[PDB]
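Notes follow the structure.
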2 protein chains.
Amino acid sequence: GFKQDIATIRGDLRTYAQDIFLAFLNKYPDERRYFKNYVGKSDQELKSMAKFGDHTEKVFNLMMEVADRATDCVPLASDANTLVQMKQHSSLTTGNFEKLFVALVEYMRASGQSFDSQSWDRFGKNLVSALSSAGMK
Amino acid sequence: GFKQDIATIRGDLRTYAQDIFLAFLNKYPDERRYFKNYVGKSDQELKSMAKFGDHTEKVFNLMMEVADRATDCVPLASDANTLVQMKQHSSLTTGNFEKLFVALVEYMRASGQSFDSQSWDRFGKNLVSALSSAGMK
Ligand code: HEM
Ligand code: HEM
Ligand SMILES: Oc1ccc(Br)cc1
Ligand SMILES: Oc1ccc(Br)cc1
């Protein structure tokens, strides 16, 4: 289930983080505009950039902390607010987050692995609700 | 994105090259008049010709180099000049290139592979502009 999925992802966090993030950019190529340092770079080029691995891992680490603190895929309002208030997220809208979770769920369903994809979809929906409540446009 | 798509195509170039060129010829059958011995043949007959695959590979080898040398999907003017000046292209106009890129983008959109088709559309438009700047009719 969802708790096991957190363990699966955490076990190889950097690989899953990179693969899901690339799935996101591949599904929604226009989203690359928010990452000026990743524009015009192949996947292998990206993987050779210190910040790509470091930042992508740290994003997914925080995602997993939020997921683990949730009750029945309902995240803490405080966690949503952290995400809204981050300077790095100042120009984002809930639609950016919606897209990330659509891509994440698609990745899980396409994987040969037994992720609880329905729960990740619902977690994403609940997180979007919480972001909106915390003031994200 | 675009840069990764170049790697994807290069990883199976003969297959992609033939399938895109066939998509072009099937969408625009009268374009066969620029070529020799292509009329009156089905796709499988074309693919079994001595030089169909070889010629198509050489075209797409160069197309991928032009794409790879581009910045933000803008090709080098030297690459455009080469394409205009090639003896093999003496009877072409920019419209021939426009049609090739319409077919290429349509192929990408229909494929099971996550191509950044919008970037290929932009690249095609920028290549056509560059061909015009370099003196193609
Ligand atoms: C629940 C989902 C998300 C979480 C947990 C999250 C978390 C984070 C974290 C922890 C950082 C700082 C990384 C570091 O210190 O190196 C960061 C940076 C950033 N995030 Fe988010 N983020 C999420 C979603 C998104 C989305 C959907 C976008 C845009 C489509 C986005 C855009 C950015 C940008 C542009 C930065 C700064 C540039 C960079 O480090 O690449 N984030 N995020
Ligand atoms: C960016 C697009 C293009 C590139 C990079 C390109 C490149 C090339 C190259 C490298 C060759 C040499 C093939 C060989 O001798 O093995 C070639 C030949 C040729 N190309 Fe282009 N070409 C492009 C577009 C077109 C278009 C749109 C047409 C016509 C609709 C065309 C018509 C021809 C013809 C008639 C030849 C010689 C005969 C043949 O290969 O069958 N090309 N091209
Ligand atoms: O550096 C980053 C990697 C992935 C996301 Br999502 C956001 C920032
Ligand atoms: O041999 C050729 C294959 C594809 C194109 Br486009 C042009 C020539």
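Here's how to read the names in the structure tokens: chain A, B, ... by the order shown, residue numbers from 1 in each chain, ligand numbers from 1 in the order shown.
For ligand 4, the neighbouring protein, DNA and RNA residues, which are those within 7 Å when only C-alpha atoms and all ligand atoms are counted, are residues 21, 52, 55, 56, 59 and 100 of chain B.
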- Item | Within 7 Å of ligand 2, counting only C-alpha atoms and all ligand atoms, residues as a VMD selection string | chain B and resid 31 34 to 36 54 to 56 58 to 60 62 to 63 83 88 to 89 92 96 to 97 100
Only N, CA, C and O atoms, please: the residues just picked out, written as a short mmCIF file (atom, residue, chain, number, x, y, z; two decimals), in the first residue's frame.
```cif
data_model
loop_
_atom_site.label_atom_id
_atom_site.label_comp_id
_atom_site.auth_asym_id
_atom_site.auth_seq_id
_atom_site.Cartn_x
_atom_site.Cartn_y
_atom_site.Cartn_z
N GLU B 31 4.96 14.01 -53.54
CA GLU B 31 6.37 14.29 -53.23
C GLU B 31 7.32 13.21 -53.75
O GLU B 31 8.52 13.43 -53.84
N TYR B 34 10.13 13.78 -56.60
CA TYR B 34 11.47 14.29 -56.35
C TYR B 34 12.48 13.16 -56.24
O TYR B 34 13.69 13.39 -56.24
N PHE B 35 11.95 11.94 -56.16
CA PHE B 35 12.77 10.76 -55.95
C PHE B 35 12.70 9.82 -57.14
O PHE B 35 11.92 10.05 -58.08
N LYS B 36 13.52 8.77 -57.12
CA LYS B 36 13.53 7.79 -58.18
C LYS B 36 13.13 6.42 -57.65
O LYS B 36 13.56 6.02 -56.56
N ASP B 54 19.08 3.02 -46.39
CA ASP B 54 20.39 3.67 -46.32
C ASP B 54 20.30 5.18 -46.57
O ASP B 54 20.90 5.98 -45.84
N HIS B 55 19.56 5.57 -47.61
CA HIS B 55 19.41 6.99 -47.91
C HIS B 55 18.63 7.71 -46.81
O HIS B 55 19.03 8.81 -46.38
N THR B 56 17.55 7.09 -46.32
CA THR B 56 16.75 7.70 -45.28
C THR B 56 17.57 7.87 -43.99
O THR B 56 17.46 8.89 -43.29
N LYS B 58 20.83 8.33 -43.88
CA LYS B 58 21.76 9.44 -44.06
C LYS B 58 21.05 10.80 -43.91
O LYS B 58 21.61 11.73 -43.32
N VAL B 59 19.82 10.90 -44.39
CA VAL B 59 19.04 12.13 -44.21
C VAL B 59 18.84 12.42 -42.72
O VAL B 59 19.10 13.53 -42.24
N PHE B 60 18.38 11.41 -41.99
CA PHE B 60 18.06 11.61 -40.59
C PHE B 60 19.31 11.74 -39.72
O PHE B 60 19.26 12.44 -38.70
N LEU B 62 21.90 13.45 -40.62
CA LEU B 62 22.18 14.87 -40.75
C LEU B 62 21.12 15.70 -40.04
O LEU B 62 21.45 16.67 -39.36
N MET B 63 19.85 15.32 -40.17
CA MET B 63 18.81 16.08 -39.48
C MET B 63 19.08 16.12 -37.98
O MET B 63 18.91 17.17 -37.35
N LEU B 83 22.14 22.84 -46.52
CA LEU B 83 20.92 22.24 -47.05
C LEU B 83 20.42 22.93 -48.32
O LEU B 83 19.92 22.27 -49.22
N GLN B 88 21.54 17.87 -54.49
CA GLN B 88 20.37 17.00 -54.37
C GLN B 88 19.10 17.78 -54.04
O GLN B 88 17.98 17.28 -54.22
N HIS B 89 19.28 19.01 -53.55
CA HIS B 89 18.16 19.86 -53.17
C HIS B 89 17.87 20.99 -54.15
O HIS B 89 17.11 21.90 -53.84
N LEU B 92 14.18 21.99 -54.85
CA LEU B 92 13.29 22.13 -53.69
C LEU B 92 12.97 23.56 -53.33
O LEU B 92 13.73 24.49 -53.67
N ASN B 96 8.55 22.09 -49.42
CA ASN B 96 8.88 20.67 -49.31
C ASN B 96 9.28 20.31 -47.88
O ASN B 96 8.89 19.27 -47.34
N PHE B 97 10.09 21.19 -47.29
CA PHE B 97 10.53 21.03 -45.91
C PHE B 97 9.38 21.18 -44.92
O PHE B 97 9.30 20.44 -43.94
N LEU B 100 7.50 17.95 -44.85
CA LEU B 100 8.23 16.94 -44.10
C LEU B 100 8.01 17.12 -42.59
O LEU B 100 7.75 16.14 -41.87
#
```
- Message: Using only C-alpha atoms and a cut-off of 9 Å, which residues of chain A sit close to chain B? Please list them as a PyMOL selection string.
- Response: chain A and resi 23+25-29+32+39-44
- Given identical sequences, what C-alpha RMSD separates chain B from chain A after least-squares superposition over all Cα in order?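 With chain B fitted onto chain A, the C-alpha RMSD reads 0.6 Å.
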- Message: When DSSP is applied to the backbone of this structure, which of range 6-129 of chain A are assigned helix (DSSP H, G or I)? Write them out as a PyMOL selection string.
- Response: chain A and resi 6-11+13-27+29-34+43-47+50-69+77-85+87-89+94-110+117-129
I need the chosen residues saved as an mmCIF file, in the first residue's frame, with C-alpha atoms.
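This is the output file out.cif:
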```cif
data_model
loop_
_atom_site.group_PDB
_atom_site.id
_atom_site.type_symbol
_atom_site.label_atom_id
_atom_site.label_comp_id
_atom_site.auth_asym_id
_atom_site.auth_seq_id
_atom_site.Cartn_x
_atom_site.Cartn_y
_atom_site.Cartn_z
ATOM 1 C CA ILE A 6 7.089 5.354 0.638
ATOM 2 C CA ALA A 7 9.579 2.640 1.681
ATOM 3 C CA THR A 8 10.116 1.527 -1.926
ATOM 4 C CA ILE A 9 10.773 5.056 -3.109
ATOM 5 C CA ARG A 10 12.979 5.924 -0.124
ATOM 6 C CA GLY A 11 15.073 2.792 -0.672
ATOM 7 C CA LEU A 13 15.276 7.761 -3.640
ATOM 8 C CA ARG A 14 17.640 9.368 -6.126
ATOM 9 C CA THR A 15 16.716 6.962 -8.925
ATOM 10 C CA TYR A 16 12.964 7.260 -8.387
ATOM 11 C CA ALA A 17 13.204 11.027 -7.953
ATOM 12 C CA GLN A 18 15.071 11.464 -11.222
ATOM 13 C CA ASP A 19 12.854 9.044 -13.126
ATOM 14 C CA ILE A 20 9.592 10.600 -11.913
ATOM 15 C CA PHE A 21 10.829 14.144 -12.491
ATOM 16 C CA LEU A 22 11.887 13.259 -16.034
ATOM 17 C CA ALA A 23 8.495 11.576 -16.587
ATOM 18 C CA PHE A 24 6.893 14.858 -15.490
ATOM 19 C CA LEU A 25 8.976 16.949 -17.877
ATOM 20 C CA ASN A 26 8.359 14.466 -20.702
ATOM 21 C CA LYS A 27 4.587 14.554 -20.223
ATOM 22 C CA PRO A 29 7.518 19.702 -21.594
ATOM 23 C CA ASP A 30 6.437 23.307 -21.052
ATOM 24 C CA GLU A 31 7.174 22.854 -17.325
ATOM 25 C CA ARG A 32 10.917 22.774 -18.034
ATOM 26 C CA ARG A 33 10.745 26.602 -18.296
ATOM 27 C CA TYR A 34 10.791 26.772 -14.488
ATOM 28 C CA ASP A 43 18.891 13.210 -19.609
ATOM 29 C CA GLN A 44 22.502 12.025 -19.299
ATOM 30 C CA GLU A 45 23.739 15.640 -19.269
ATOM 31 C CA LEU A 46 21.264 16.400 -16.467
ATOM 32 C CA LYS A 47 22.498 13.436 -14.478
ATOM 33 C CA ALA A 50 25.393 18.174 -9.324
ATOM 34 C CA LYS A 51 22.252 20.280 -8.732
ATOM 35 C CA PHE A 52 20.018 18.014 -10.813
ATOM 36 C CA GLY A 53 20.605 14.960 -8.631
ATOM 37 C CA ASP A 54 20.831 16.940 -5.404
ATOM 38 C CA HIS A 55 17.732 19.090 -5.879
ATOM 39 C CA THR A 56 15.585 16.287 -7.347
ATOM 40 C CA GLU A 57 16.439 14.042 -4.399
ATOM 41 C CA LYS A 58 15.630 16.814 -1.935
ATOM 42 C CA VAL A 59 12.266 17.492 -3.599
ATOM 43 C CA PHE A 60 11.290 13.844 -3.330
ATOM 44 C CA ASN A 61 12.653 13.554 0.189
ATOM 45 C CA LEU A 62 10.286 16.329 1.232
ATOM 46 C CA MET A 63 7.463 14.705 -0.750
ATOM 47 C CA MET A 64 8.055 11.467 1.177
ATOM 48 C CA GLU A 65 8.126 13.295 4.530
ATOM 49 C CA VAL A 66 4.766 14.922 3.686
ATOM 50 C CA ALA A 67 3.391 11.563 2.515
ATOM 51 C CA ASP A 68 4.570 9.805 5.687
ATOM 52 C CA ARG A 69 3.021 12.488 7.933
ATOM 53 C CA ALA A 77 -2.020 21.806 6.402
ATOM 54 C CA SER A 78 1.370 22.881 7.802
ATOM 55 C CA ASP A 79 3.151 20.842 5.118
ATOM 56 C CA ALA A 80 1.019 22.419 2.372
ATOM 57 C CA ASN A 81 1.863 25.854 3.741
ATOM 58 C CA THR A 82 5.607 25.074 3.704
ATOM 59 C CA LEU A 83 5.248 24.323 0.001
ATOM 60 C CA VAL A 84 3.225 27.492 -0.716
ATOM 61 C CA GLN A 85 5.624 29.787 1.176
ATOM 62 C CA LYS A 87 10.534 31.300 -2.363
ATOM 63 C CA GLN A 88 11.324 28.721 -5.058
ATOM 64 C CA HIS A 89 7.570 28.175 -5.506
ATOM 65 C CA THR A 94 -1.834 24.381 -8.027
ATOM 66 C CA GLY A 95 -1.954 23.275 -11.686
ATOM 67 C CA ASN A 96 1.824 22.751 -11.618
ATOM 68 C CA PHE A 97 1.368 20.348 -8.702
ATOM 69 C CA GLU A 98 -1.607 18.655 -10.393
ATOM 70 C CA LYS A 99 0.594 17.940 -13.408
ATOM 71 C CA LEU A 100 3.393 16.502 -11.275
ATOM 72 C CA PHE A 101 0.987 14.067 -9.628
ATOM 73 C CA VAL A 102 -0.636 13.050 -12.926
ATOM 74 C CA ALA A 103 2.835 12.196 -14.240
ATOM 75 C CA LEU A 104 3.804 10.433 -10.988
ATOM 76 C CA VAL A 105 0.671 8.252 -11.069
ATOM 77 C CA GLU A 106 1.232 7.467 -14.776
ATOM 78 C CA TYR A 107 4.826 6.463 -13.992
ATOM 79 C CA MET A 108 3.683 4.165 -11.175
ATOM 80 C CA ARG A 109 1.045 2.488 -13.336
ATOM 81 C CA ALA A 110 3.554 1.929 -16.165
ATOM 82 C CA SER A 117 -1.318 4.221 -7.653
ATOM 83 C CA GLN A 118 -4.915 5.050 -6.627
ATOM 84 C CA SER A 119 -3.643 6.277 -3.259
ATOM 85 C CA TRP A 120 -0.985 8.489 -4.840
ATOM 86 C CA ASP A 121 -3.664 10.029 -7.060
ATOM 87 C CA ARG A 122 -5.847 10.751 -4.036
ATOM 88 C CA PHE A 123 -2.868 12.075 -2.031
ATOM 89 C CA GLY A 124 -2.148 14.445 -4.939
ATOM 90 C CA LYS A 125 -5.762 15.599 -5.026
ATOM 91 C CA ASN A 126 -5.779 16.218 -1.287
ATOM 92 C CA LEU A 127 -2.456 18.047 -1.441
ATOM 93 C CA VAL A 128 -3.752 20.315 -4.223
ATOM 94 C CA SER A 129 -6.786 21.118 -2.050
#
```
- Query: What does the distance between CA of residue 134 in chain A and atom 1 (C, counted along the ligand's line) of ligand 1 come to in Å, to one decimal place?
  - Reply: 13.8 Å
- Residue with smallest distance to ligand 3 - pool A:76, A:86, A:132, A:12, counting only C-alpha atoms and all ligand atoms: A:86
